[PDB]
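Coming up, as structure tokens: structure 1 and structure 2, two forms of one and the same protein chain.
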Structure 1
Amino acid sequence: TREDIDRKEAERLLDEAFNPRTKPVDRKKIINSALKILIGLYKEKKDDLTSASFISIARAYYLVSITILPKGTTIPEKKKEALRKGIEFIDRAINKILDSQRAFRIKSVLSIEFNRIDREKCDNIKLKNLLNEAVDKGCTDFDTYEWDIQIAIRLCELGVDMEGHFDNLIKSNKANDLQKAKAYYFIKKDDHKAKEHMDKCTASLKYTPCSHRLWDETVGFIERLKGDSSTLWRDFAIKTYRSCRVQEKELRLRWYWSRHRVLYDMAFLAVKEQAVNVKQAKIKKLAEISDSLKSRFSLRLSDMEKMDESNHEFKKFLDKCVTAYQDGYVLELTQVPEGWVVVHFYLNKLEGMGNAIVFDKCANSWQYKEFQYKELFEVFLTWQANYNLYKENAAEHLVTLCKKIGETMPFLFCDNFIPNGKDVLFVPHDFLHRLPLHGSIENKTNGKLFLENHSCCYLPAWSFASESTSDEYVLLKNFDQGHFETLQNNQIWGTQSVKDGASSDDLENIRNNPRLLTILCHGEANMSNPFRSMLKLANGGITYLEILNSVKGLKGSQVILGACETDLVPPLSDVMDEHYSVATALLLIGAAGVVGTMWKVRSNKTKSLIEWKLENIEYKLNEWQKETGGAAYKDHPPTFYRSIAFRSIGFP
């Protein structure tokens, strides 16, 4: 009949899309075309469509959602609808035998993913009853159907007995290690045998990119183990985090998945719970976990959908990541110079407890303390909201923020945690990147600044640490003329420096590794893609992505920026902050040290910073902050606002 040919066209297009060899670009087109052929005749016939054709409606709907990747942090509404649309038609097949066997097989998997991506609409008990009837309907052909093993294994997550069905699925050929490890854990309460099989899963996880379904499932499995007090997540979270490190090393950008932060939080928490040298080996491992999280920044899919050696290398990453998403469904931490102490910061989203990992090279000692960032973040947002409205007039809100930094982080002033004279390198995390950690008031009467005692350097991550011409001072300038005149025409500046209006290509022109490079321009921040953030220079401006590839000369140069970081990075609407500024783009291309203002200050303050750097580059920035203007924070707070605004990003 007409319906027979309809499925004969639609049931082979779906299998063509269902096979792994089909590219995701083609797969999305194939499923939509098959769905258009399928749903198009559903519009013509409505309930006249047979159950077998009603069966295959949901197969397209289940598969069409597979191609609906999350374009942002949240799960898409379109993907949720396709799962909701799929669960409707397949339900219509139940109330309207090989038909019922395969009907409950796909009704259940569509609800399995529906309960996964959106647990509120498809309740756990509702999902439990649905798959419980699959046992009643005997969906236990685990040898031939991959979806079938998913059913008995999503069930034991809920708490169903399934002792009888264990004999089938673990010996089933098409059960993956993560599933086999799950079925070995809660189907029968043998926590021992789940160790070996999941080890194979994590070992195989080093090659499947982070977009794969198994990455989200394996973290969810440890998400189940963690909080169950199973004493097995601690080993498991660390093990899979190791696989993430190997996989991620293959622009310093990573595929975004919601469980990635939980993976690092759970791995960090596992080591923190496990925390002489072996006791301190864990504490160091906290920094490696923390550094690896900040080693690269997650890019939302919509951001990487729209962005040439870097371009060619990126499209391979984008292509490989999208294929794996649909495939599943179908420097040393101690290499720091003596006299320097390094504070690695980690914000845990799992528990509202950030903690700073500190490494004193002179003592060769690893230790950490925990702090509440929940109240500090609100004080930061109060400063951020007030600064964005009033700039220097929000100085009074900066002081209470800097005092809050001291108040909630008192270990910064403790001598044991940070020695009195040791140089402090900061490796902040999330919103602590925006915090002026250097200029923080100790929570005590007439508390001195943290900056006064120690010279503070900032690093986006420890992975940005790196190890020539001593009289060449280049200066770029696209700022208005009236703001920089006496500094503009100083004798020290070299010839290869356009001092009135600079261009994007002229930044790429600097060579020979100058001692000082000055860029004075209006920075502009791309609120979603760090690669698209530009330094407006002449026409168009030069972006973070362009600076990474085009700019090559400034290797080991001490860079000074005239663009406030608040214009280089977007404002913070959440605790997480991985949007890397232009300053760290310079850090990747050598450029040892990038001194720039953390927020908008009057041009005279930047002028004095450059001129004081002109006289002697070896002078520590800390001294200039306390000996000239700042370090007061009580009388004339805007003076303290202007000085503390300058941070030193990048430490060699």
Structure 2
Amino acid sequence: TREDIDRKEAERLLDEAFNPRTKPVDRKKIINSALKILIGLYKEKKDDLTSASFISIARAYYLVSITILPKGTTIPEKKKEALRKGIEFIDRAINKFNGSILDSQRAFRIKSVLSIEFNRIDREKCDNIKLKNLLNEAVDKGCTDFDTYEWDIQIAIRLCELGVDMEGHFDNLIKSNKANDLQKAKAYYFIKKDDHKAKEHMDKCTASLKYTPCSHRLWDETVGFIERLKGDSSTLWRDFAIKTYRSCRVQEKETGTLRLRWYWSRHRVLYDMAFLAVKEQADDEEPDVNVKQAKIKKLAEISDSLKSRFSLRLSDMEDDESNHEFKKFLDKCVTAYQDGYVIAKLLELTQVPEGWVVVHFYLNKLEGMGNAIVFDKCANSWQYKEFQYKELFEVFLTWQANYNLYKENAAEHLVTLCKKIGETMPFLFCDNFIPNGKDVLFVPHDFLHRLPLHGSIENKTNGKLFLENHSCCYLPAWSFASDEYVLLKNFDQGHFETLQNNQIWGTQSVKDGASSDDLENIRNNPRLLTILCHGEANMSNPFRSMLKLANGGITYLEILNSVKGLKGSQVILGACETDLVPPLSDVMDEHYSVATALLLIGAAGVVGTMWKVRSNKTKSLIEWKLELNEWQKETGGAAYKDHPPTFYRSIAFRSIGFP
């Protein structure tokens, strides 16, 4: 009777763990104790272990699979091991005759839903044959009690997703008091093909999604259903894609005051396919100019929403006021991940200073060809164009690899990259898309951030530089746009010995050998803050990318909290090149450099430097004390044909900010 009693105790503790009341931190310890108890049971009872102990083991292994979070972007190996162990331990249970109808039904249900979860995690381990076997087992057992166990409801909807008729359980699933709206919508659309009831449940489902964190089960499975609809060439996928976009935007609008987001490996495709939906709506033979313009504006809005936030894996996630919000957000997300299974002032996209044309960039991986949503206030007209970025990505990777070995000697690769930008984006030099003599603001996407868009070269024999005609300033996203002179220096001896010594243009509250305290101690907001130090890159957490100042330097996070006296000041971070702050590009680059932290604090604009340049050029830029795009043309930055290395230095300087 030892097996039965300890199995009953294990069932008690598993039921207590399944209650959503307990925090996930203690849930791990209690379920580990349950695992220890059940394995201790299994040690002496390997000879045809009873059905109850095996069922408890399967439930416990499912729960150990759920409690372990995906540390990286990919599915964690521990979850796969837990799934494999659960199915392996339940194979012996299902291979033997339990003798109880209820126990056999429970075993079949848990095995089939475990196979479904393994298929969701990785189709290689369990293919559609496994799903068909799960259907056979469920039909044989008859575990279709929708009003008793939501476990049966989940297996029913998964089975119906396999393209097999489920009209036998249709009446039971019609009521489904324990189900959620998305399951009802899936059942209505798949079996009965009734779009009205499907959309009626869909609206409630997305309304509920509006108030749930991104780590919930509902988000991933609803985006999966939407992409299933898109692959089915249906017509209602666009509306729910846009509605899920809206729910995601509203949900994270308030949460994450530090410009943070939760990664779930399906957010990017959700935004991509909502973008595709609104794009198809825009080009759906619209007779009215107003509706097409509004659709393109919505295109720009969704492009900006993805850029306006962060993307941090919880491995990197795992004064003190900022840390409180960090801990609260992490706790809420990690709680909502497991709750799925257990029972200052905003800026409008249309208000822009007169004579400024903005170029919003969006790179959609699903479609495979990027977009450039432009907007000029001369005619107040929104228009967008499409372009290929894969070959441009090859050329950019070529330049990045050649630069990290031969920084100054890779000027030819920079010229090639600029020519590739001009060729792959011919609308930049087009009069209709971008009028000449108009100041341009860029909002580049993931890997377009590193591109010197201001240095684009037109596809001509004597292709004119894009910098000569337009004045360009960049921006990580549209959500970032909103006296004396101060200098800070932490460089090495032998460089920049002139500004520190001969300082007749200002630098009253200056600090040679500056520390993080010196940057934080700037009380009054100056007219120009100059920071002289080469910062280091954080290849994992962009929140901890630092400027190498004295006393350990100041990171991205410490700028957001300690530094307050910098509002409305044209900071010039012309000491560290822009590309030693963040990591390097691989397919996408969603990391934010230190200049973005300065912009978020309230700096009027950072005159950064894309690539490493000799000290003389940036020293001359600092000595240029009149209020970029005009200096580069006059200093010789348009001589790429004759002087490649001269083009390499001048182009590097870009102003990250919106005047």
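When a residue number appears, read it as a position in the sequence of structure 1, where counting begins at 1. Take the two forms, find the largest set of C-alpha atoms that superpose within 1.5 Å, and that set is the rigid core.
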Problem set entry | 2 Å-or-more CA mover between the two structures, where superposition uses the core and the choices are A461, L225, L131, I357 | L131
Problem set entry | Exceeds or equals 2 Å, Cα of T74 between the two structures, core fit | no
For this session: Take the rigid core as the frame of reference and indicate whether the C-alpha of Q496 shifts by 2 Å or more between the two structures.
Result: yes
Exercise. C-alpha of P571: shift of 2 angstroms or more between the two structures, rigid core aligned?
Worked result: yes
For this session: Provide the displacement, in Å, of the CA of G339 between the two structures, taking the core as the superposition reference.
Result: 0.6
Exercise. So, with the core fitted, how far does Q481 move at its Cα between the two structures, in angstrom?
Worked result: 3.0
